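**Student:** protein-v6.csv (CSV, C-alpha atoms and all ligand atoms) pasted underneath:
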```csv
chain,number,residue,atom,x,y,z
Q,16,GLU,CA,-74.5,34.9,10.4
Q,17,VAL,CA,-74.8,31.1,11.2
Q,18,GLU,CA,-78.2,29.3,11.3
Q,19,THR,CA,-78.3,26.2,13.5
Q,20,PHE,CA,-80.9,23.5,12.7
Q,21,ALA,CA,-82.0,20.3,14.3
Q,22,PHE,CA,-81.9,17.2,12.1
Q,23,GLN,CA,-85.3,15.5,11.8
Q,24,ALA,CA,-85.4,12.6,14.3
Q,25,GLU,CA,-85.2,9.9,11.6
Q,26,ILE,CA,-82.0,11.5,10.1
Q,27,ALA,CA,-80.4,11.8,13.5
Q,28,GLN,CA,-81.2,8.2,14.1
Q,29,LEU,CA,-79.6,7.3,10.7
Q,30,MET,CA,-76.4,9.1,11.5
Q,31,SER,CA,-76.2,7.6,15.0
Q,32,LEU,CA,-76.5,4.1,13.5
Q,33,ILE,CA,-73.8,4.9,10.9
Q,34,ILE,CA,-71.5,6.2,13.6
Q,35,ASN,CA,-72.1,3.5,16.3
Q,36,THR,CA,-72.7,0.3,14.3
Q,37,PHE,CA,-69.6,-1.9,14.1
Q,38,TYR,CA,-69.1,-2.2,10.3
Q,39,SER,CA,-65.6,-2.7,8.9
Q,40,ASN,CA,-66.3,-2.0,5.2
Q,41,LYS,CA,-66.1,1.8,5.6
Q,42,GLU,CA,-64.5,2.4,2.2
Q,43,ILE,CA,-68.0,2.5,0.5
Q,44,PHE,CA,-68.3,6.1,1.6
Q,45,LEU,CA,-66.2,7.1,-1.4
Q,46,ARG,CA,-68.3,5.1,-3.9
Q,47,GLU,CA,-71.4,6.8,-2.4
Q,48,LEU,CA,-70.1,10.3,-2.6
Q,49,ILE,CA,-68.8,9.9,-6.1
Q,50,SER,CA,-72.1,8.4,-7.2
Q,51,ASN,CA,-73.8,11.5,-5.7
Q,52,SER,CA,-71.5,13.7,-7.7
Q,53,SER,CA,-72.2,11.7,-10.9
Q,54,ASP,CA,-76.0,12.2,-10.3
Q,55,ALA,CA,-75.5,15.9,-9.8
Q,56,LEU,CA,-73.4,16.1,-13.0
Q,57,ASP,CA,-76.1,14.2,-14.9
Q,58,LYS,CA,-78.6,16.8,-13.7
Q,59,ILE,CA,-76.8,19.9,-14.9
Q,60,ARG,CA,-75.9,18.1,-18.2
Q,61,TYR,CA,-79.5,17.3,-18.8
Q,62,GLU,CA,-80.5,20.9,-18.2
Q,63,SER,CA,-77.8,22.2,-20.5
Q,64,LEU,CA,-79.3,20.0,-23.3
Q,65,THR,CA,-82.1,22.6,-23.8
Q,66,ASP,CA,-80.4,25.7,-22.3
Q,67,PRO,CA,-76.7,26.0,-23.0
Q,68,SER,CA,-76.5,29.1,-20.7
Q,69,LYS,CA,-76.9,26.7,-17.8
Q,70,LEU,CA,-73.2,26.0,-18.3
Q,71,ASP,CA,-72.2,29.7,-18.1
Q,72,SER,CA,-71.1,29.0,-14.6
Q,73,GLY,CA,-68.6,26.3,-15.8
Q,74,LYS,CA,-68.5,24.1,-18.9
Q,75,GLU,CA,-66.3,21.4,-17.4
Q,76,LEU,CA,-68.2,18.4,-15.8
Q,77,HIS,CA,-65.8,16.5,-13.6
Q,78,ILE,CA,-65.0,15.1,-10.1
Q,79,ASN,CA,-61.8,15.9,-8.2
Q,80,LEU,CA,-60.6,14.0,-5.1
Q,81,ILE,CA,-58.3,16.2,-3.0
Q,82,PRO,CA,-56.6,14.6,0.0
Q,83,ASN,CA,-54.8,16.9,2.5
Q,84,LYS,CA,-52.8,15.2,5.2
Q,85,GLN,CA,-51.9,18.4,7.1
Q,86,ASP,CA,-55.6,19.3,7.5
Q,87,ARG,CA,-56.6,15.6,7.7
Q,88,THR,CA,-59.3,16.2,5.1
Q,89,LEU,CA,-60.5,14.4,2.0
Q,90,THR,CA,-62.4,16.7,-0.3
Q,91,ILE,CA,-64.7,15.5,-3.1
Q,92,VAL,CA,-65.4,18.3,-5.6
Q,93,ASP,CA,-67.9,18.1,-8.5
Q,94,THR,CA,-69.1,20.7,-11.0
Q,95,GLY,CA,-72.6,19.3,-10.9
Q,96,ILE,CA,-75.9,21.1,-10.6
Q,97,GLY,CA,-75.2,22.0,-6.9
Q,98,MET,CA,-77.7,22.8,-4.2
Q,99,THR,CA,-79.8,25.8,-3.2
Q,100,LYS,CA,-80.0,26.8,0.5
Q,101,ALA,CA,-83.5,25.2,0.6
Q,102,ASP,CA,-81.9,22.0,-0.8
Q,103,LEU,CA,-79.2,22.0,1.9
Q,104,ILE,CA,-81.7,22.4,4.7
Q,105,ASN,CA,-84.0,19.7,3.2
Q,106,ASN,CA,-81.4,17.0,3.9
Q,107,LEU,CA,-79.0,18.0,1.1
Q,108,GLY,CA,-81.6,17.5,-1.6
Q,109,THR,CA,-82.6,13.9,-0.6
Q,110,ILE,CA,-85.9,12.4,0.5
Q,111,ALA,CA,-84.0,11.3,3.6
Q,112,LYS,CA,-87.0,10.6,5.8
Q,113,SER,CA,-88.6,8.0,3.6
Q,114,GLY,CA,-85.1,6.8,2.6
Q,115,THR,CA,-84.1,6.2,6.2
Q,116,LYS,CA,-87.3,4.3,6.9
Q,117,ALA,CA,-86.7,1.9,4.0
Q,118,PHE,CA,-83.0,1.5,4.7
Q,119,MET,CA,-83.5,0.6,8.4
Q,120,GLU,CA,-86.1,-2.0,7.5
Q,121,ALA,CA,-83.7,-3.5,5.0
Q,122,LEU,CA,-81.1,-3.6,7.7
Q,123,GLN,CA,-83.3,-5.7,10.0
Q,124,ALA,CA,-84.2,-7.8,7.0
Q,125,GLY,CA,-80.7,-8.9,6.1
Q,126,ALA,CA,-79.1,-5.9,4.3
Q,127,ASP,CA,-75.9,-4.2,5.4
Q,128,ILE,CA,-74.7,-0.6,5.5
Q,129,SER,CA,-72.9,-0.9,2.1
Q,130,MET,CA,-76.4,-0.9,0.5
Q,131,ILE,CA,-77.2,2.6,1.8
Q,132,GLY,CA,-77.1,4.1,-1.7
Q,133,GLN,CA,-80.0,2.1,-2.8
Q,134,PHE,CA,-82.1,4.1,-0.4
Q,135,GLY,CA,-81.1,7.6,-1.6
Q,136,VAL,CA,-79.2,8.6,1.6
Q,137,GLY,CA,-75.7,7.6,0.6
Q,138,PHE,CA,-74.4,11.0,1.6
Q,139,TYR,CA,-74.6,10.1,5.2
Q,140,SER,CA,-72.1,7.3,4.8
Q,141,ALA,CA,-69.5,10.1,5.0
Q,142,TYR,CA,-69.8,9.7,8.8
Q,143,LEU,CA,-68.3,6.2,8.5
Q,144,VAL,CA,-64.9,8.0,8.3
Q,145,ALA,CA,-65.5,11.6,9.1
Q,146,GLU,CA,-66.0,13.2,12.5
Q,147,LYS,CA,-67.2,16.4,10.8
Q,148,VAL,CA,-68.5,17.0,7.2
Q,149,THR,CA,-68.6,20.4,5.5
Q,150,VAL,CA,-70.6,20.8,2.3
Q,151,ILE,CA,-69.9,23.9,0.1
Q,152,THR,CA,-72.3,24.3,-2.7
Q,153,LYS,CA,-73.4,26.7,-5.5
Q,154,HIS,CA,-76.5,26.3,-7.6
Q,155,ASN,CA,-77.2,28.5,-10.6
Q,156,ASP,CA,-80.3,29.8,-8.9
Q,157,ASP,CA,-78.8,30.7,-5.5
Q,158,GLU,CA,-75.8,32.0,-3.6
Q,159,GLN,CA,-72.8,30.0,-2.3
Q,160,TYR,CA,-73.6,28.3,1.0
Q,161,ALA,CA,-71.7,26.1,3.5
Q,162,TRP,CA,-73.5,23.3,5.4
Q,163,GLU,CA,-71.7,21.7,8.3
Q,164,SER,CA,-72.3,19.0,10.9
Q,165,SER,CA,-70.4,17.0,13.4
Q,166,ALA,CA,-73.6,14.9,13.9
Q,167,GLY,CA,-74.9,15.3,17.5
Q,168,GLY,CA,-78.4,16.2,16.2
Q,169,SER,CA,-77.7,19.6,14.5
Q,170,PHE,CA,-76.2,21.2,11.5
Q,171,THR,CA,-75.4,24.7,10.5
Q,172,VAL,CA,-75.9,26.7,7.3
Q,173,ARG,CA,-74.1,30.0,6.5
Q,174,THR,CA,-73.3,32.0,3.5
Q,175,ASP,CA,-69.8,30.9,2.3
Q,176,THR,CA,-67.3,33.7,1.9
Q,177,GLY,CA,-64.6,31.3,0.8
Q,178,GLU,CA,-63.2,30.7,-2.7
Q,179,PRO,CA,-66.1,31.2,-5.2
Q,180,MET,CA,-66.9,27.8,-6.8
Q,181,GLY,CA,-68.8,28.8,-9.9
Q,182,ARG,CA,-71.2,25.8,-9.7
Q,183,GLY,CA,-71.2,22.5,-8.0
Q,184,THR,CA,-70.6,20.9,-4.7
Q,185,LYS,CA,-67.6,20.3,-2.4
Q,186,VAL,CA,-67.8,17.7,0.3
Q,187,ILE,CA,-65.0,18.2,2.8
Q,188,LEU,CA,-64.5,15.1,5.0
Q,189,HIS,CA,-62.7,15.9,8.3
Q,190,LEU,CA,-61.5,12.4,8.9
Q,191,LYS,CA,-61.5,10.5,12.1
Q,192,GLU,CA,-58.0,10.0,13.6
Q,193,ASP,CA,-57.9,6.2,12.8
Q,194,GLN,CA,-59.3,6.7,9.2
Q,195,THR,CA,-56.3,8.5,7.6
Q,196,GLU,CA,-55.7,5.6,5.2
Q,197,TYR,CA,-58.3,7.4,3.0
Q,198,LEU,CA,-55.7,10.2,2.5
Q,199,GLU,CA,-53.2,7.8,0.9
Q,200,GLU,CA,-52.9,7.9,-2.8
Q,201,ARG,CA,-52.7,4.1,-3.3
Q,202,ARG,CA,-55.7,3.4,-1.1
Q,203,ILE,CA,-57.9,6.0,-2.8
Q,204,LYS,CA,-56.9,4.7,-6.3
Q,205,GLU,CA,-57.8,1.2,-5.1
Q,206,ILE,CA,-61.3,2.2,-4.0
Q,207,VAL,CA,-62.0,4.2,-7.1
Q,208,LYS,CA,-61.0,1.3,-9.4
Q,209,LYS,CA,-63.0,-1.2,-7.3
Q,210,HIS,CA,-66.2,0.8,-7.0
Q,211,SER,CA,-66.3,3.6,-9.5
Q,212,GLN,CA,-64.9,2.2,-12.7
Q,213,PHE,CA,-68.0,3.0,-14.6
Q,214,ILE,CA,-68.6,6.6,-13.6
Q,215,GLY,CA,-69.0,8.6,-16.8
Q,216,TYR,CA,-67.0,11.7,-15.7
Q,217,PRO,CA,-63.3,12.2,-15.2
Q,218,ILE,CA,-62.2,11.6,-11.6
Q,219,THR,CA,-58.9,13.2,-10.9
Q,220,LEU,CA,-57.0,12.2,-7.8
Q,221,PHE,CA,-54.8,15.2,-6.7
Q,222,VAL,CA,-51.4,14.5,-5.2
Q,223,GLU,CA,-49.7,16.3,-2.4
Q,224,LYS,CA,-46.4,18.1,-2.0
P,301,LIG,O1,-79.4,-0.7,11.3
P,301,LIG,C1,-78.3,-1.1,11.6
P,301,LIG,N1,-77.1,-0.5,11.2
P,301,LIG,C2,-76.9,0.5,10.3
P,301,LIG,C3,-78.0,1.1,9.6
P,301,LIG,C4,-77.7,2.1,8.7
P,301,LIG,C5,-76.4,2.5,8.4
P,301,LIG,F1,-76.1,3.5,7.6
P,301,LIG,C6,-75.4,1.9,9.1
P,301,LIG,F2,-74.1,2.4,8.9
P,301,LIG,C7,-75.6,0.9,10.0
P,301,LIG,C8,-78.1,-2.4,12.4
P,301,LIG,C9,-77.5,-3.5,11.5
P,301,LIG,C10,-79.0,-3.8,11.1
P,301,LIG,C11,-79.3,-3.3,12.5
```
Starting from the file, lay out its structure as structure tokens.
**Tutor:**
Amino acid sequence: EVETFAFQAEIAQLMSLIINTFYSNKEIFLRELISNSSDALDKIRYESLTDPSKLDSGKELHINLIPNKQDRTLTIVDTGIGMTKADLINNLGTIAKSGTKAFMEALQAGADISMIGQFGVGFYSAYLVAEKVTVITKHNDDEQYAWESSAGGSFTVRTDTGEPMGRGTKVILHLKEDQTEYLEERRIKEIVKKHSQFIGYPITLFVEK
């Protein structure tokens, strides 16, 4: 059972800008998604400070980067707090409407796309490199769900019957044909060292057969 939703108009406009604007510095998508993972890990860690049982769904707090050249996907996995179904529908737990408003004023007032994270909508920088994004998520207070969008004004949400995740979020980037450099080990390592050197969780870059 798949539910299809329309993006709010401001979010659709944000994704069309990210997709259509000529902007060569696409690598910041990875910094933005890792920083989102770090924020989600901070949240479950804080909650566990007063309720250890919050970590019954997984004690390890980490970030994995999994490239797959056969599928042409880059997956960013974290064991953070995750998202409820309501969170997924409400712009993946962001205040995306007011965030978009600010970001697009900043853009007309000098800023560039790389600053998207300062407006709380860094998730959508995934569409710099991905034609389709799938988000699998599990929050302690809800079931496992899969969100998906190829932009175009709509997204879907369904119960995920795939591999149980325990707790956290998995962002699966179905990369554009000309963006496969972000599956190469040496290019991912470069980006992580350049932009994510101070993330306080272990970031493991998986290698391929
Ligand atoms: O708004 C613009 N681009 C834009 C905005 C948000 C984005 F996430 C993005 F990738 C590109 C134009 C350059 C200023 C006018």
**Student:** List all protein, DNA and RNA residues that have any atom at most 12 Å from ligand LIG 301 (chain P), counting all atoms listed in the file, and write the list as a PyMOL selection string.
**Tutor:** chain Q and resi 25-44+47+111+114-144
**Student:** With only C-alpha atoms counted, which protein, DNA or RNA residues have an atom no more than 12 Å from (-68.1, 7.7, -19.9) in the file frame? Please answer as an NGL selection string.
**Tutor:** :Q and (53 or 57 or 76-77 or 211-218)
**Student:** Using only C-alpha atoms, which of the listed residues (Q:52, Q:195, Q:176, Q:63) sits closest to residue 84 (chain Q)?
**Tutor:**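 For residue 84 (chain Q), the nearest of the given residues is Q:195.
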**Student:** Around all the atoms of region 34-46 of chain Q listed in the file, with 8 Å of room on each side, what axis-aligned box do you get, giving centre and edge lengths in Å to one decimal, as AutoDock Vina command-line options?
**Tutor:**
```
--center_x -68.6 --center_y 2.2 --center_z 6.2 --size_x 24.2 --size_y 25.8 --size_z 36.2
```
**Student:** Go through Q:196, Q:156, Q:75, Q:62 and flag the residue nearest residue 100 (chain Q), using only C-alpha atoms for the distances.
**Tutor:** Q:156
**Student:** CA of residue 48 (chain Q) and CA of residue 154 (chain Q), how far apart in Å?
**Tutor:**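 These atoms are spaced 17.9 Å apart.
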**Student:** Pick out the closest residue to residue 102 (chain Q) from this set: Q:205, Q:86, Q:157, Q:175. Count only C-alpha atoms.
**Tutor:**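 Of the candidates, the smallest distance to residue 102 (chain Q) is held by Q:157.
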**Student:** In terms of the shortest atom-to-atom distance over only C-alpha atoms, which of Q:197, Q:170, Q:160, Q:20 is closest to residue 145 (chain Q)?
**Tutor:**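 Result for the nearest residue to residue 145 (chain Q): Q:197.
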**Student:** If we count all atoms listed in the file and set the cut-off at 8 Å, which residues sit around residue 165 (chain Q), ignoring sequence neighbours fewer than 3 positions away in its own chain? Please answer as a ChimeraX atom specification.
**Tutor:** /Q:146-148,169-170
**Student:** At what distance in Å, to one decimal, does CA of residue 167 (chain Q) lie from CA of residue 96 (chain Q)?
**Tutor:**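 Distance reported for this atom pair: 28.7 Å.
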**Student:** Figure out the distance between CA of residue 55 (chain Q) and CA of residue 88 (chain Q), please, to one decimal in Å.
**Tutor:**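 It comes out at 22.0 Å.
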**Student:** Which residue gives the smallest distance to residue 203 (chain Q) among Q:113, Q:105, Q:159, Q:90, with all atoms listed in the file counted?
**Tutor:**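 Looking only at the distances to residue 203 (chain Q), the closest residue turns out to be Q:90.
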**Student:** For residue 103 (chain Q), find every residue with an atom within 8 Å (counting all atoms listed in the file), except residues of its own chain fewer than 5 positions away, and show them as a VMD selection string.
**Tutor:** chain Q and resid 98 108 162 172
**Student:** Which residue out of Q:21, Q:78, Q:174, Q:54 has the minimum interatomic distance to residue 109 (chain Q) when all atoms listed in the file are used?
**Tutor:**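 Checking each candidate against residue 109 (chain Q), we get Q:54 as the closest.
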